[PDB]
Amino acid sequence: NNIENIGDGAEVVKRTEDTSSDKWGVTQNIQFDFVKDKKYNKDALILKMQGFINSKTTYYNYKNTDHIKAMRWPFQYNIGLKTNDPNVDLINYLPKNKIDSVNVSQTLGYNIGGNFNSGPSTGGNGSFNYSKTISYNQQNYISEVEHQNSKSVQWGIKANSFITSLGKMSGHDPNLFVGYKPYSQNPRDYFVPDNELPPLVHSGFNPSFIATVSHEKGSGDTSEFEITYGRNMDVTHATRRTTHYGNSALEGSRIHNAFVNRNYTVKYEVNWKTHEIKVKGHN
C-alpha cells in the first residue's frame, strides 16, 4: 500500500500500527519498514517505536493518615521488543550506548546489500539508500540498554540527576520532589509544583527507538513480536513532624520499585511474504 523506491532495484514497504490503552496510559505508534533488497541475503525489518507513555504520577494520603502524603511517580520508563522466532535475529538497535543527553537524536542508515550505519542525525556518515531517525527528550533521565540478545532488546529511561532547592540530587535521593512545608492538606501540596518537575514526571515520555531484525529467507511466512511500553514507579512519602524545637520542614522517604513493570504489551504478527502486520493481542 505504501512503498518507497530506494534505488538499485530495492524498495521499502511501510506500515504503521497505532494502539492505545486507557488502562495503562500508553500509546504504541510503531512503524514497520520492510527492506526488500535482492542484494541482501536476508529479509530485514526496521521498527521505529514511538507513541507516548503517560507518567501516571499521582498523589494520595499514605494509609489515609493525617500527616503523611505520597507521590507515586515513574522512576523508569520501559521500552522492549522481543521475538520467539528462531529464524529472526536482532541486528541493530538505537540508541545502542548509555546516553544522558537531554535530547537523543540518532540515525540508522541503510545501503544496498544489508549494510547498516548508526550515527548522528545531523549526518557526516555518508549517503544512504534509506534512513530512519529517532528523536526524544529525557530531561533529568538517562537511557540505557538493560539487556539485548539475538531475540530481544530492552531499554530503561531512568531518573538520573536533578537540580533541586537543596542543590544536585540523584534519582535515588529520598528528598527528591519533597516540598518545604505543606500549602494545604491536599496530598499534592506536600510536593513541589509542576514547574519544578521534569516533563518525564509531570507529563510522560515520548519514546523514539529503533530496532532492526533480519529473517532467514524462505524459512517461514510469519513471525510474532511483542513490544512492551511502560513504567516502574517509585513512591515518595513526605511527613510533617510538628516540633517546637527543631526543623519542621517536610522529610522524604522513598519506596524504590514500589510498582514495577506497569507495562502495556502488544503482540504483532509480521508476514514476510505479504507484508501484512496484524495485532494478535494485548494486555
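One-based numbering along the sequence shown.
When the C-alpha temperature factors are averaged for each of 69-77 and 189-197, which stretch ends up with the higher value in the entry?
Stretch with the greater average CA B-factor: 189-197.
Mean CA B-factor: is it higher for 173-181 or for 204-212?
Going by the record's values, the stretch with the higher mean is 173-181.
Among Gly119, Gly167, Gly156, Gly126, where is the Cα B factor highest in this entry?
That would be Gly167.
Select one of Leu250, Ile46, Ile53, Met49: the residue whose C-alpha shows the highest B-factor in the crystal structure entry.
In the PDB entry, the greatest C-alpha B-factor among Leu250, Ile46, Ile53, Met49 is found at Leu250.
Quick check on the deposited entry: does the C-alpha B-factor of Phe259 sit in the lowest, middle or highest third of its chain?
Answer is middle: the recorded C-alpha B-factor places it there.
Mind checking which third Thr265 falls in for C-alpha B-factor across the chain?
Lowest third of the chain for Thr265's C-alpha B-factor.
Using the B-factors in the PDB entry, rank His237's C-alpha atom against the chain and give the third, lowest, middle or highest.
As the PDB entry reports it, the C-alpha B-factor of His237 lands in the middle third of its chain.
Please rank the C-alpha B-factors of the chain's modelled residues and tell me whether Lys39 sits in the lowest, middle or highest third.
For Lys39, whose C-alpha B-factor we compare with every modelled residue in the chain, the answer is the highest third.
What third of the chain does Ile99 rank in for C-alpha temperature factor, lowest, middle or highest?
Middle third by C-alpha B-factor.
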